[PDB]
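In structure tokens, one chain follows: the form deposited in one PDB entry.
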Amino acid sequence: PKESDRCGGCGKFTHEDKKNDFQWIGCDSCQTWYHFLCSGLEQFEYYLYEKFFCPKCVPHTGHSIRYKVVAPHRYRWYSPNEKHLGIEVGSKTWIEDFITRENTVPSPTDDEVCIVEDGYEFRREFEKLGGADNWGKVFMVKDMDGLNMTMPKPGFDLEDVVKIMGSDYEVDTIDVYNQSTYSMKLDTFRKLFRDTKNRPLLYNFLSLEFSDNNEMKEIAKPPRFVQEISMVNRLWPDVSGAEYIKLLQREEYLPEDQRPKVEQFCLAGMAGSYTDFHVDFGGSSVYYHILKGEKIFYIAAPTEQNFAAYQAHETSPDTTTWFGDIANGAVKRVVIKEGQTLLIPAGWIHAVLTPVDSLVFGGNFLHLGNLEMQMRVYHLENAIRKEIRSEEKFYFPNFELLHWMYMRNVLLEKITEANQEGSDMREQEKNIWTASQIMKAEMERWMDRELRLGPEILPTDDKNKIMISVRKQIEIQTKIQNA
């Protein structure tokens, strides 16, 4: 080959390969080339520097020179060609302004959000409304006592987080003003977070999942009521011993690397951070506990009208219009403070402002009581994706497979056991029976689609073997009913 084209880092022409891709950056001083992963830059920096000085230079040349902030109202704040374009919703200019009028956004009705003082009052109100099987409104619980939600004692902060997870642990982080996600070392984030006075750019990570860290996973957990209704938790129980063995004896075992891991997240964001409107992936529900700081959520109920506005909003090229302004007064304001907890059921559209540096623990989960709404959000996502192109990692992992597994391992078993007696399921398991029908119908559609345009882990043949068995037991039970 040719020497000039050898990476001055790993000293090779081809990198070994988080993921380098096949990308290089050149030093503006010595002109040698480095693979991105060999340059000493982290992904969040790939676009910041107008002049890059490699580590070999930079004692004798100085730090890399970053682009000038030419257009604070654009995601491309560094591009002169955009100076004259419109103010974009995520931008620094936009957020400054939005901060001065955000408190005019109206408060919710009692139909939309129920505020309660503690988990005991939450429990009573939750039950008045039909519980999880009929969960439709958001709850804000001022004091976590009664929720059975394991959390770290105050005094716990970002410092303990980086110590437990490790300095080099990489988290996907939001570059607020750019409205994009890049990788950043936990140590790098902490450094920027500590420099309270100098913040050219704001960062906010939402995506630090720690259910696989043996220390962290005991320090912050979902409320008990959530662990009890979580579909993922039902399928990959964290059991041991004979429970686990039986889990193996039945073919109910599932690979740890197949598990959707979205139930234990830590979030940390700088004051002035803004996350724009979205519905959480798979239409999952959310528990959200503020350890430190403050959050302002802007929320809209999951109605067909709101979804149509939202779907249009997401597929439109436009970037200058705040969803709240085209949503016909649907958007409501709810402030959440330190120690307080938000519980959001499937489908709620929401954005969030971070008025103050914050540390949050939360998680996403699916449950039978919101099965219909979850499927409705799946359709919404699928429609949006037909338009714009997105990345898999912003969606619910193994969404479809989870349902095959849940139908096979959970619901089929229950309808079969019911069927083997006279048991009319409507007596002690009406909810199980209605969930089965809803899931079945949605799965029929998935089969039909697969037979039309082929597959994309579970062979087509296996799926078909599950469906026939489900149809059978379902028909058996409805005869037991018509009787």
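The numbering used is simple: start at 1 and walk along the sequence shown. Think of the rigid core as the biggest set of C-alphas that the two forms share within 1.5 Å after superposition.
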Continuity check for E456 and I457, given as deposited residues lacking coordinates between them | 1 to 3
Counting residues of the deposited sequence that sit between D17 and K18 but have no coordinates, the total is 10 or more
Stretch exceeding the other in mean C-alpha B-factor - 155-163, 219-227 | 155-163
Higher of the two mean Cα B-factors (341-349, 106-114; per PDB record) comes from 106-114
With respect to the C-alpha temperature factors reported in the PDB entry, which of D143, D172, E391, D280 ranks highest?
-> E391
Candidate residues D276, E381, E294, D238, the one whose C-alpha B factor the record puts highest | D238
Determine, from the deposited record, the chain-internal third of the Cα B-factor for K440: lowest, middle or highest.
-> lowest
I245: C-alpha B-factor third of its chain, per the entry, is the middle
Chain third (lowest, middle, highest) by recorded CA B-factor, residue given as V334 = lowest
Among modelled residues of the same chain, the CA temperature factor third for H289 = lowest
Could you say whether, by C-alpha temperature factor, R376 belongs to the lowest, middle or highest third of its chain?
-> lowest
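This next part talks about the form deposited in another entry, which is not shown.
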Of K393, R101, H84, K153, the one whose Cα moves 2 Å or more between this form and the one not shown after core superposition = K393
Core aligned, does the CA of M447 move at least 2 Å between this form and the one not shown?
-> no
Would you say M467 moves between this form and the one not shown, meaning its CA shifts by 2 Å or more once the core is fitted?
-> no
For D28, is the CA shift between this form and the one not shown at least 2 Å following rigid-core superposition?
-> yes
Sense of the change in Cα distance from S230 to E392 in the other entry - at least 3 Å versus the shown form = farther
Distance trend in the other entry - C-alpha atoms of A351 and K393, change of 3 Å or more | closer
